[PDB]
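Visitor: I'd like to ask you about the structure that follows.
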Number of protein chains: 2
Amino acid sequence: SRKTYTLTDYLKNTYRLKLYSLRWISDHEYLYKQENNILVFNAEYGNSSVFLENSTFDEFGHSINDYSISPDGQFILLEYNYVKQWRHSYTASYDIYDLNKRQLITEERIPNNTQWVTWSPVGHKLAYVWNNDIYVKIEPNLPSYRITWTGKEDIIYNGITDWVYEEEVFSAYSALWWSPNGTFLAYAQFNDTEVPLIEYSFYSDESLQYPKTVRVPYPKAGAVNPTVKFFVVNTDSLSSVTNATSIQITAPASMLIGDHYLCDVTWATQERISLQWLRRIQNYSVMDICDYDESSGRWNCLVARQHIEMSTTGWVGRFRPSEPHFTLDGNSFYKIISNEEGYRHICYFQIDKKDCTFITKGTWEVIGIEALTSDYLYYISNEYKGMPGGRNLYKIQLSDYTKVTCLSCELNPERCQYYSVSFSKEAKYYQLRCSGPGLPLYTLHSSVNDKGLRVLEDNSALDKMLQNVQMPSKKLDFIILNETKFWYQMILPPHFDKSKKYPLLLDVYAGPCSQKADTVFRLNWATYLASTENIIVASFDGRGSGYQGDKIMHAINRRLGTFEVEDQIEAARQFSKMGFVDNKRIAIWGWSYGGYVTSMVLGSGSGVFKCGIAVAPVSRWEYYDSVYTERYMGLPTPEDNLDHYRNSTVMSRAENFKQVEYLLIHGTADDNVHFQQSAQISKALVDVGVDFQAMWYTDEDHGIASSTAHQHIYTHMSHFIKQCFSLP
Amino acid sequence: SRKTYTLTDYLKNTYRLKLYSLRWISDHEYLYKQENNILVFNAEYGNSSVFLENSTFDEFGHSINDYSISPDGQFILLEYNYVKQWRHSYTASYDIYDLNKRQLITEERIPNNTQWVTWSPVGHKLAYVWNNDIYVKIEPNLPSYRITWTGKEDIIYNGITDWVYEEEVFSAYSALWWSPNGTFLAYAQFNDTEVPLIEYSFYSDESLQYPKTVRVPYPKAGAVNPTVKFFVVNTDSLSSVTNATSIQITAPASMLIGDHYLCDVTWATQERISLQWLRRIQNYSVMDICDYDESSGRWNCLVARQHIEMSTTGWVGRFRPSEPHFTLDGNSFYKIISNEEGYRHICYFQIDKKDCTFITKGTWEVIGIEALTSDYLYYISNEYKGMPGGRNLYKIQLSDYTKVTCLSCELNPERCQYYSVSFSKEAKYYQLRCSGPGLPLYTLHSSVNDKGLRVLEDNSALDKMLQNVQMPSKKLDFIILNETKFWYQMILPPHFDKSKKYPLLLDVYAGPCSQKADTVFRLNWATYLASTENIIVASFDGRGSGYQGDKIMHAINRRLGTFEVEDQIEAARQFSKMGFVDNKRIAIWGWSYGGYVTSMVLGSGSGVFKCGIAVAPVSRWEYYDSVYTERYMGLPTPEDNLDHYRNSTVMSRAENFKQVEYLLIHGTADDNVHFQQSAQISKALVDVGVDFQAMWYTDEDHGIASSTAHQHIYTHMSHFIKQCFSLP
Ligand SMILES: Cc1cc2ncc(C(=O)NCC(C)(C)NCC(=O)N3CCC[C@H]3C#N)cn2n1
Ligand SMILES: Cc1cc2ncc(C(=O)NCC(C)(C)NCC(=O)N3CCC[C@H]3C#N)cn2n1
Ligand SMILES: CC(=O)N[C@@H]1[C@@H](O)[C@H](O)[C@@H](CO)O[C@H]1O
Ligand SMILES: *[C@@H]1O[C@H](CO)[C@@H](O)[C@H](O)[C@H]1NC(C)=O
Ligand SMILES: *[C@@H]1O[C@H](CO)[C@@H](O)[C@H](O)[C@H]1NC(C)=O
Ligand SMILES: *[C@@H]1O[C@H](CO)[C@@H](O)[C@H](O)[C@H]1NC(C)=O
Ligand SMILES: *[C@@H]1O[C@H](CO)[C@@H](O)[C@H](O)[C@H]1NC(C)=O
Ligand SMILES: *[C@@H]1O[C@H](CO)[C@@H](O)[C@H](O)[C@H]1NC(C)=O
Ligand SMILES: *[C@@H]1O[C@H](CO)[C@@H](O)[C@H](O)[C@H]1NC(C)=O
Ligand SMILES: *[C@@H]1O[C@H](CO)[C@@H](O)[C@H](O)[C@H]1NC(C)=O
Ligand SMILES: *[C@@H]1O[C@H](CO)[C@@H](O)[C@H](O)[C@H]1NC(C)=O
Ligand SMILES: *[C@@H]1O[C@H](CO)[C@@H](O)[C@H](O)[C@H]1NC(C)=O
Ligand SMILES: *[C@@H]1O[C@H](CO)[C@@H](O)[C@H](O)[C@H]1NC(C)=O
Ligand SMILES: *[C@@H]1O[C@H](CO)[C@@H](O)[C@H](O)[C@H]1NC(C)=O
Ligand SMILES: *[C@@H]1O[C@H](CO)[C@@H](O)[C@H](O)[C@H]1NC(C)=O
């Protein structure tokens, strides 16, 4: 066809995927960003109208980052001056705008540097965090009622997470949860007094004469963790001339014996809070159901209705214990739980009753409970066809658990095998979101019929463009390594010939609960390596991987660095048993956990790999964070699992790296997997005679995310792959 | 047959130069280590006696780092437990041993972690620094007096230097100076209170979980400097119940007007100190000459005894104002001053007189004054043959300044063109120390007659070893740019011929006062590049270089990054004009200042250089230290020289590096030229799109000089020059 997908197209984004990201604002209405105008669309009858003329700029002159409308409709927040912190955390400035008047509130403004803002779910109350303390505005033009006073930089956090709870427990900076009608404000406080700092240099722009040492409370494996308290405040009874009153609700006594984590907060009703707790050995978990009591102000959590969850073989959850989806009445909930057969399935709990009824079953897993109605529960799963790498929407009839209906399986079954869903409020309308194996398809539905109303974006211009390109295909299949299936994918070059020997990259992540063999569509680096340079970029899911039952996933418990690494050698070995793969040209690469896994493969002495690349790798598990590492490994005490902590290091395999070419990459401002880890790889290689290639990225974080640095890292890695595979 | 000088032979140190490391202890005797038996030798007659046996000090329990015999012979310091700090500084443990008995001094011992130790010049007194304070010890067994109390880590340095005084002022961790007979002890005090810290990480062993942040008071260009005060204690009047009085000698009013340094301390007489100060703009210096009185104990410095040394065109000194050489009576002195013509020569000063009288002149420079008797002043110079990178010993009859006589020129004129000298006490004997261009040759001589007594070491065993190895030859010659001779050296391959086109490396330092073209013999990395791989390694001293007058040296004044860069490029243009060099295979490399000029050459755009390697380079003069930088640059203020601080960065040349292959190298614990400096080069290259090779070194300093990291850096660089020059 004359043309390929080049590296320049990946880095500059020539061939664009169009998304259809909408925010629901009611039970029937949503917002979309059509050009620079924000339109509201009525999802029943189809019609739309312009809500924001004046764009993305003009209301003060500032380029706006977000447009959060209050749920009653009367007000709007304009977010400006975004300053990224870590993965979810940021600071910004916040002007509140009156929509019934069309004018700015210059009375009692939210101060710049604000860490978090959230409207109450009803009305127009605000709660915001600023300087580690919570603030509450009853009206947006009236003074803030301050609510905590204990906040201090790097030490006490009220209403926002610390480093490790952000990245590793909640997946979020926020630690405010409102009651559904707006009355109570629940919040968690974190305490980082005795937690040790990672210290790293930051060089800044050229004019900064002395480097800044950036210092971050960060527990690594075995270290002193943070501590957690949990509170509730009533907002309707805040005194205008006295202090707020925050009633603590203490964690259950089976948690207070050790170090523990608060891992979930979901309000069941206006007067009921569900709270999951996790022991530091993350295989024992306790939910409290905590009702208010109007005669005392307090929160009682009767131990009878608390629900225990545990693991005798791994850890509770996929990363954390799963979220309960309550029924409206308060008195029951559904929750994803691993069953007796090993597989993760929906389970119905009744508030004062032990155990659960499994409402789903089989050799496959539920991914998430998406929406709960009077008569249906909607869920995504990988059930369809026996493929653990596809996603489809389902609905269980709650009066007859045998009446499950797939709502997305058959809509376009060759093009669309990987769905997600965004439901409106009360679940009246649902936007399906296909994302492979053909081009992303975005469609709107009503829940009454399951009939489709409109097609929101079909990716037509993306299609028409890509018919010029010699595009690669994806094989998706399995290999039976015992009796059990293990899944894989291959991006194969265009014009692929089974009687020709191609070079073979493994893309690797490989960590606990990962998935790399999937039906998703991607325009990435691997698309350039197959399209232009004729490399098969394959990828394997082995022992330790997710979405397939705990006999696969929990294979790696107390044993990181072993079977996820060894089955990746077996995957390359197996692909080279097939006769379209060159034996003399087999690279391996990953980022992060895959950087780690790549280095352990390179240092195993297998013979199979000529070269590899490790970007921002872990190298030794005592250098990475406590919450993640000890979830799988235990504690690095010799009463526990110190022997495997020490036996699983990249450093202790340094000797075998002279059999291989090696590129090591890392960002010097990595707040996540610190530059330490790569500094310890490189020193071990130096101390044993091996030669390798290195590349630091000055000031770049864990994602190596800057536009110039992203262009550079992939250009450098391309030249490494091409020299290794003998390509001009 | 014949083998070749390989990289393995360089690294493992196969062909070893024997030196002759003697140490004078009298006017007629020296000590020399043989087998860890230290022997004393008699100079005239040549006989020896074993003074310390190798088997003695096994019972001690430790491997000894140094021996230091007292000037009366009654004692010895045994230094052990060496722990390097910076270039000259260290911490140690010290036992004293009695040589009239044969036992250790058991009580009143020098503490552990002592920073510096020195005997008085006559006798057996001990001044030591520990915890930043001076302690005096009149007899080895008696309790130590405590001279100072103000000592404080990182802040107050009594009798030792802070960072910048160690590196750039004294070349020495020491800041004690005894009087010749031992009655007085003088000291500097540095005050680093407001000097900004520089911060960097230290990762340490694999077992260290959090990286430590090293912090060092370090004044960068323009930043607040340390201050200085100067003191003298009479150590024959220390009270056993009260503190020692320390009389402070104050600097001249013409130094106290702004910032300044104390740059030389020389005792002239038993009651006469010479002190030499330098303004922060280092083109003005004042020598005070301060006499004691027994009338009060004050030290009065007469202004009718001050001598001013200015510079009209650059800075005072080669690196600092030169050391004075007092005659015995103390009333007159000789020092190396720049004459009217710009060339450095010996000037005879008389104390009360203003002017000086030149004792030498010509088109060459005096390197050092090495001895002063009543009849002769002995000096090293480059006069011989017109060669600015040769060295020879001279003597200058003080009764007749035209009766100059070269003591070393004609000894072995083909083998020996680079000398140094060590005289005995009172200058009765001298060791000459030839360094090339043949194998090093060590000889002893008598001063009364200039008769050679013996050969001490001749490197006979190395010469036998090298007859079976194909060694490279060395050309040392000159080009003529703008009517001036500028010298170069070429290390030419074995069996070299005029007809082939050889690839050319260009080794560089290039800094102010440097000399990379000389007559000294070396077995180095360049010897392997010539021997095995057939690479001409070349070197050139352009403008800015020393030894050739101030018309060449002060060309670079205020102007670093300018003519020294231009002239390494023009030297490589010129070397291509000779027909034996491949102009598609020029490369460039240096270390430190040489990595700065490598970088400024590689980013010039000249077309000459295909590749190069900057190791631990400067990149911006505001990141390097104040004392060095501002010597040649002024202050980085817009009232001074800011504009040229900004024009002369590597970063502002980043876009042009797209034309050249590039390897940037740096060790992360470099306390001298910080890892900051390469980290801002790489940011600049990234933010502009240019690929480059990188290499870091975890915990290596400015030297990159561990056994493992020395093997690894030179192996990695060897790969880069081979693959650039297309060599297998
Ligand atoms: C699809 C899905 C669902 C889900 N639910 C939770 C998380 C989650 O908690 N993610 C945080 C995580 C990225 C694992 N933090 C650790 C981290 O960053 N690590 C670990 C070692 C290497 C390095 C990397 N990369 C991720 N998903 N994804
Ligand atoms: C021949 C000779 C004799 C001598 N006596 C003293 C000094 C001296 O004190 N020199 C300053 C020095 C120790 C090199 N510090 C500066 C330094 O290390 N720099 C400067 C920028 C790059 C980096 C390097 N390399 C130099 N000489 N030379
Ligand atoms: C910071 C803090 O709360 N420290 C408490 C202190 O108040 C108490 O007096 C002491 C002895 O009982 O115990 C500490 O843990
Ligand atoms: C849609 O049309 C009806 C009026 O017939 C009404 O709901 C509203 O004006 C329109 N809504 C939107 C979002 O455009
Ligand atoms: C911060 O708030 C101030 C009010 O103090 C406002 O004038 C300004 O626009 C805000 N943003 C910045 C970047 O200062
Ligand atoms: C934070 O925790 C430390 C113990 O790590 C304790 O001393 C301090 O009192 C706590 N502060 C608050 C506000 O809870
Ligand atoms: C509220 O209490 C805090 C102590 O937690 C105190 O510092 C503050 O003065 C009180 N505020 C008011 C308005 O009384
Ligand atoms: C919200 O529910 C609470 C809890 O019972 C009740 O106190 C309050 O009256 C309700 N408020 C609103 C606005 O509905
Ligand atoms: C949790 O894991 C540990 C470590 O493998 C094990 O000893 C313990 O029995 C497990 N189960 C519970 C409920 O603690
Ligand atoms: C050298 O020999 C003479 C004569 O025996 C002796 O007096 C002198 O001490 C000896 N010196 C040494 C260092 O052995
Ligand atoms: C210094 O301490 C070491 C122990 O590290 C000990 O062996 C030695 O005897 C001590 N030396 C002195 C002079 O106190
Ligand atoms: C050191 O200097 C600081 C000013 O930076 C001053 O406060 C202190 O007194 C001085 N200390 C000594 C021992 O001179
Ligand atoms: C000075 O000496 C007295 C004893 O006379 C002693 O107490 C004091 O420590 C010394 N001075 C200082 C500043 O330490
Ligand atoms: C050293 O010279 C000084 C100054 O003249 C005098 O006070 C002292 O007596 C002399 N000491 C010795 C040991 O010669
Ligand atoms: C020192 O250098 C400055 C800066 O170039 C120059 O203006 C001045 O004349 C010199 N000052 C002295 C005291 O020689």
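Following the order of the structure tokens, chains are lettered A, B, ..., residues in each are numbered from 1, and ligands are numbered from 1.
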Could I get the residue neighbourhood of ligand 5 at 10 Å, counting only C-alpha atoms and all ligand atoms, as a PyMOL selection string?
Guide: chain A and resi 60-62+80-82+92-95+109-113
Visitor: Identify, counting only C-alpha atoms and all ligand atoms, the protein, DNA and RNA residues located within 10 Å of ligand 4, and give them as a PDB file with C-alpha atoms, in the first residue's frame.
Guide:
```pdb
ATOM      1  CA  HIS A  28     -31.514  11.842  31.562  1.00  0.00           C
ATOM      2  CA  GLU A  29     -29.017  14.570  30.569  1.00  0.00           C
ATOM      3  CA  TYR A  30     -25.280  14.748  29.886  1.00  0.00           C
ATOM      4  CA  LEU A  31     -22.548  17.175  28.856  1.00  0.00           C
ATOM      5  CA  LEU A  39     -23.297  21.322  24.959  1.00  0.00           C
ATOM      6  CA  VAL A  40     -25.944  19.648  27.070  1.00  0.00           C
ATOM      7  CA  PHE A  41     -27.675  16.684  25.402  1.00  0.00           C
ATOM      8  CA  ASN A  42     -31.088  15.308  26.408  1.00  0.00           C
ATOM      9  CA  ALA A  43     -30.609  11.582  26.158  1.00  0.00           C
ATOM     10  CA  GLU A  44     -34.217  10.534  25.546  1.00  0.00           C
ATOM     11  CA  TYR A  45     -35.456  12.698  22.729  1.00  0.00           C
ATOM     12  CA  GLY A  46     -32.041  13.449  21.265  1.00  0.00           C
ATOM     13  CA  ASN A  47     -31.916  17.246  21.313  1.00  0.00           C
ATOM     14  CA  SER A  48     -29.019  19.389  22.406  1.00  0.00           C
ATOM     15  CA  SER A  49     -28.200  22.987  23.228  1.00  0.00           C
ATOM     16  CA  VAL A  50     -25.141  25.158  23.902  1.00  0.00           C
ATOM     17  CA  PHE A  51     -24.452  25.595  27.630  1.00  0.00           C
TER      18      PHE A  51
END
```
Visitor: Write out as a PyMOL selection string all residues of segment 190-377 of chain B that backbone DSSP assigns to helix (DSSP H, G or I).
Guide: chain B and resi 253-256+303-305
Visitor: May I have the residues from that selection written out with N, CA, C and O atoms, as a CSV table (one decimal), in the first residue's frame?
Guide:
```csv
chain,number,residue,atom,x,y,z
B,253,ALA,N,43.3,47.0,55.6
B,253,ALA,CA,42.0,47.7,55.4
B,253,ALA,C,41.5,47.5,54.0
B,253,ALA,O,40.3,47.3,53.8
B,254,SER,N,42.4,47.5,53.0
B,254,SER,CA,42.2,47.3,51.6
B,254,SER,C,41.7,45.9,51.2
B,254,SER,O,41.3,45.7,50.1
B,255,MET,N,41.7,44.9,52.2
B,255,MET,CA,41.0,43.7,52.0
B,255,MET,C,39.6,43.6,52.7
B,255,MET,O,38.7,43.0,52.2
B,256,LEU,N,39.6,44.3,53.9
B,256,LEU,CA,38.3,44.3,54.7
B,256,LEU,C,37.2,45.1,54.1
B,256,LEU,O,36.0,45.0,54.5
B,303,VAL,N,52.7,48.7,57.5
B,303,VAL,CA,52.3,49.0,56.1
B,303,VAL,C,53.5,49.5,55.3
B,303,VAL,O,53.6,49.3,54.1
B,304,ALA,N,54.6,50.0,56.0
B,304,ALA,CA,55.9,50.2,55.3
B,304,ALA,C,56.7,48.9,55.2
B,304,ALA,O,57.9,48.9,55.0
B,305,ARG,N,55.9,47.7,55.2
B,305,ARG,CA,56.4,46.4,54.8
B,305,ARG,C,55.5,45.6,53.9
B,305,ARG,O,55.7,44.5,53.6
```
Visitor: Restrict the distance test to only C-alpha atoms, flag each residue of chain A within 9 Å of chain B, and return the flagged residues as a compact mmCIF listing (two decimals) with N, CA, C and O atoms, in the first residue's frame.
Guide:
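result.txt, freshly written:
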```txt
# COMPACT_ATOMS: atom_id res chain seq x y z
N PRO A 196 9.35 7.52 57.29
CA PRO A 196 10.58 8.03 56.68
C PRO A 196 10.41 8.60 55.26
O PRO A 196 9.51 8.22 54.51
N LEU A 197 11.30 9.53 54.94
CA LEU A 197 11.27 10.26 53.67
C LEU A 197 12.12 9.57 52.61
O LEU A 197 13.29 9.27 52.86
N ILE A 198 11.58 9.41 51.39
CA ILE A 198 12.45 9.35 50.21
C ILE A 198 12.90 10.76 49.92
O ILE A 198 12.09 11.69 49.91
N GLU A 199 14.20 10.87 49.66
CA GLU A 199 14.82 12.13 49.30
C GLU A 199 15.46 11.96 47.93
O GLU A 199 16.19 11.00 47.67
N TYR A 200 15.14 12.90 47.05
CA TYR A 200 15.67 12.91 45.69
C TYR A 200 15.97 14.34 45.24
O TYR A 200 15.38 15.30 45.73
N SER A 201 16.91 14.48 44.32
CA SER A 201 17.26 15.81 43.81
C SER A 201 16.28 16.19 42.71
O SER A 201 15.78 15.32 42.00
N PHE A 202 16.06 17.49 42.58
CA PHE A 202 15.28 18.07 41.50
C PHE A 202 16.07 19.27 41.00
O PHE A 202 16.49 20.12 41.78
N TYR A 203 16.28 19.32 39.69
CA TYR A 203 17.26 20.24 39.13
C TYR A 203 16.62 21.51 38.60
O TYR A 203 17.21 22.58 38.67
N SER A 204 15.39 21.38 38.10
CA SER A 204 14.56 22.49 37.65
C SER A 204 15.09 23.06 36.35
O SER A 204 15.89 22.42 35.67
N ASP A 205 14.66 24.27 36.04
CA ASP A 205 15.26 25.01 34.94
C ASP A 205 16.69 25.39 35.27
O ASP A 205 17.13 25.45 36.42
N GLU A 206 17.41 25.62 34.18
CA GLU A 206 18.79 26.04 34.17
C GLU A 206 19.17 27.17 35.13
O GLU A 206 20.27 27.17 35.70
N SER A 207 18.26 28.11 35.33
CA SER A 207 18.55 29.22 36.22
C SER A 207 18.60 28.87 37.70
O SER A 207 19.16 29.65 38.47
N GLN A 209 20.20 27.66 40.58
CA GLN A 209 21.62 27.48 40.88
C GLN A 209 21.94 26.25 41.74
O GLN A 209 22.91 25.54 41.46
N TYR A 210 21.15 26.02 42.78
CA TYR A 210 21.35 24.83 43.61
C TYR A 210 20.15 23.91 43.41
O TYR A 210 19.02 24.40 43.51
N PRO A 211 20.34 22.60 43.16
CA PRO A 211 19.24 21.64 43.16
C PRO A 211 18.39 21.65 44.44
O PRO A 211 18.85 21.97 45.53
N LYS A 212 17.12 21.34 44.26
CA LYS A 212 16.15 21.25 45.35
C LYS A 212 16.09 19.79 45.78
O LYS A 212 15.90 18.92 44.94
N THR A 213 16.21 19.52 47.07
CA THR A 213 15.94 18.15 47.52
C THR A 213 14.45 18.05 47.83
O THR A 213 13.94 18.68 48.75
N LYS A 220 8.51 2.24 52.64
CA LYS A 220 8.90 1.08 51.85
C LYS A 220 8.63 -0.19 52.66
O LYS A 220 8.20 -0.10 53.81
N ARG A 620 14.57 -4.39 43.71
CA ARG A 620 14.67 -5.03 45.01
C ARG A 620 13.49 -4.53 45.79
O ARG A 620 13.28 -3.32 45.87
N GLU A 622 12.49 -4.30 48.85
CA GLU A 622 12.58 -3.37 49.98
C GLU A 622 12.70 -1.90 49.56
O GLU A 622 12.55 -1.03 50.42
N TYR A 623 12.94 -1.62 48.28
CA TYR A 623 12.98 -0.23 47.82
C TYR A 623 11.61 0.27 47.39
O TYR A 623 11.44 1.49 47.31
N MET A 651 19.90 -7.26 41.21
CA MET A 651 21.31 -7.14 41.53
C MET A 651 22.04 -8.47 41.63
O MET A 651 23.13 -8.62 41.08
N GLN A 676 16.86 5.30 42.76
CA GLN A 676 17.55 4.31 43.57
C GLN A 676 17.63 2.90 43.01
O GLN A 676 18.67 2.25 43.06
N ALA A 679 19.89 2.86 40.05
CA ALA A 679 21.23 3.12 40.55
C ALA A 679 21.86 1.90 41.20
O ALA A 679 23.08 1.71 41.17
N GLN A 680 21.03 1.03 41.75
CA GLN A 680 21.52 -0.19 42.34
C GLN A 680 21.71 -1.29 41.31
O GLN A 680 22.63 -2.09 41.46
N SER A 682 22.74 -0.61 38.09
CA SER A 682 23.95 -0.16 37.42
C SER A 682 25.23 -0.39 38.21
O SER A 682 26.21 -0.89 37.65
N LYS A 683 25.20 -0.14 39.51
CA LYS A 683 26.35 -0.42 40.36
C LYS A 683 26.72 -1.89 40.44
O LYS A 683 27.91 -2.21 40.40
N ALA A 684 25.71 -2.76 40.50
CA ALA A 684 25.95 -4.21 40.49
C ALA A 684 26.58 -4.70 39.20
O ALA A 684 27.53 -5.48 39.22
N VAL A 686 28.40 -2.80 37.15
CA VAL A 686 29.75 -2.25 37.20
C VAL A 686 30.70 -3.10 38.05
O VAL A 686 31.83 -3.37 37.64
N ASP A 687 30.18 -3.54 39.19
CA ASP A 687 30.96 -4.31 40.16
C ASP A 687 31.19 -5.77 39.78
O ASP A 687 31.71 -6.55 40.57
N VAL A 688 30.82 -6.15 38.56
CA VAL A 688 30.96 -7.53 38.14
C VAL A 688 31.37 -7.68 36.69
O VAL A 688 31.51 -8.81 36.21
N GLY A 689 31.59 -6.55 36.01
CA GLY A 689 32.30 -6.57 34.74
C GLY A 689 31.44 -6.41 33.51
O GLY A 689 31.95 -6.37 32.40
N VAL A 690 30.13 -6.37 33.70
CA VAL A 690 29.20 -6.36 32.57
C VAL A 690 29.12 -4.97 31.97
O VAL A 690 29.18 -3.99 32.71
N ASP A 691 28.95 -4.90 30.65
CA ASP A 691 28.70 -3.63 29.99
C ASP A 691 27.27 -3.57 29.50
O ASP A 691 26.68 -4.55 29.05
N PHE A 692 26.73 -2.37 29.63
CA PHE A 692 25.33 -2.08 29.41
C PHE A 692 25.22 -0.65 28.94
O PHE A 692 26.22 0.07 28.86
N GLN A 693 24.01 -0.23 28.63
CA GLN A 693 23.76 1.12 28.15
C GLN A 693 22.77 1.77 29.08
O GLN A 693 21.87 1.12 29.61
N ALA A 694 22.97 3.06 29.31
CA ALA A 694 22.20 3.75 30.33
C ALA A 694 21.62 5.03 29.78
O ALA A 694 22.14 5.59 28.82
N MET A 695 20.52 5.46 30.40
CA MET A 695 19.91 6.72 30.02
C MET A 695 19.05 7.21 31.17
O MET A 695 17.95 6.71 31.36
N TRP A 696 19.54 8.20 31.91
CA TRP A 696 18.67 8.89 32.87
C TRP A 696 17.82 9.91 32.13
O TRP A 696 18.20 10.39 31.06
N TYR A 697 16.69 10.27 32.73
CA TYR A 697 15.87 11.37 32.25
C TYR A 697 15.71 12.33 33.39
O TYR A 697 15.06 12.07 34.39
N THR A 698 16.38 13.45 33.25
CA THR A 698 16.45 14.48 34.27
C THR A 698 15.08 15.13 34.52
O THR A 698 14.44 15.61 33.57
N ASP A 699 14.63 15.09 35.78
CA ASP A 699 13.36 15.73 36.20
C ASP A 699 12.07 15.02 35.80
O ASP A 699 10.98 15.51 36.08
N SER A 707 6.36 15.98 26.99
CA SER A 707 6.20 15.76 25.56
C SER A 707 7.53 15.52 24.85
O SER A 707 7.65 14.61 24.02
N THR A 708 8.53 16.28 25.27
CA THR A 708 9.87 16.14 24.75
C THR A 708 10.56 14.88 25.24
O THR A 708 11.21 14.21 24.45
N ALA A 709 10.35 14.53 26.51
CA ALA A 709 10.96 13.32 27.04
C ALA A 709 10.33 12.04 26.53
O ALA A 709 11.01 11.03 26.42
N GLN A 711 8.87 11.71 23.41
CA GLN A 711 9.49 11.62 22.09
C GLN A 711 10.92 11.06 22.11
O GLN A 711 11.29 10.22 21.29
N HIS A 712 11.67 11.49 23.11
CA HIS A 712 13.04 11.07 23.25
C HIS A 712 13.21 9.64 23.73
O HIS A 712 14.01 8.92 23.13
N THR A 715 12.33 7.31 20.89
CA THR A 715 13.33 7.38 19.81
C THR A 715 14.62 6.64 20.17
O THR A 715 15.16 5.88 19.36
N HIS A 716 15.07 6.82 21.40
CA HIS A 716 16.22 6.10 21.90
C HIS A 716 16.03 4.58 21.95
O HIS A 716 16.89 3.83 21.51
```
Visitor: Within 7 Å of segment 176-179 of chain B, counting only C-alpha atoms, which residues qualify if same-chain residues fewer than 2 places away don't, as a PyMOL selection string?
Guide: chain B and resi 120+159+174+181-187+267+270
Visitor: Please dump the current selection as an mmCIF file, in the first residue's frame; keep C-alpha atoms.
Guide:
```cif
data_model
loop_
_atom_site.group_PDB
_atom_site.id
_atom_site.type_symbol
_atom_site.label_atom_id
_atom_site.label_comp_id
_atom_site.auth_asym_id
_atom_site.auth_seq_id
_atom_site.Cartn_x
_atom_site.Cartn_y
_atom_site.Cartn_z
ATOM 1 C CA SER B 120 56.279 20.805 65.326
ATOM 2 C CA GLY B 159 42.839 24.566 61.726
ATOM 3 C CA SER B 174 45.333 21.489 56.708
ATOM 4 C CA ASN B 181 61.377 26.508 66.035
ATOM 5 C CA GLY B 182 57.948 25.368 67.247
ATOM 6 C CA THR B 183 57.100 28.124 69.728
ATOM 7 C CA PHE B 184 54.179 29.500 67.760
ATOM 8 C CA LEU B 185 51.243 27.687 66.189
ATOM 9 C CA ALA B 186 49.268 29.702 63.666
ATOM 10 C CA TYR B 187 45.850 28.861 62.284
ATOM 11 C CA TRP B 267 56.770 31.718 58.224
ATOM 12 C CA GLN B 270 60.948 32.812 64.587
#
```
Visitor: Rounded to one decimal, what separation in Å do you get between atom CA of residue 616 of chain A and atom 16 (C, counted along the ligand's line) of ligand 1?
Guide: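 Straight-line distance from atom CA of residue 616 of chain A to atom 16 (C, counted along the ligand's line) of ligand 1 works out to 12.3 Å.
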Visitor: Do you have, as a tab-separated table, the list of residues of chain A lying at most 12 Å from ligand 3, each with its nearest atom pair and that distance in Å to one decimal, counting only C-alpha atoms and all ligand atoms and ordered by chain then number?
Guide:
```
residue	atom	partner	partner_atom_place_in_ligand_line	distance
A:191	CA	ligand 3	1 (C)	11.7
A:193	CA	ligand 3	1 (C)	9.3
A:194	CA	ligand 3	1 (C)	10.6
```
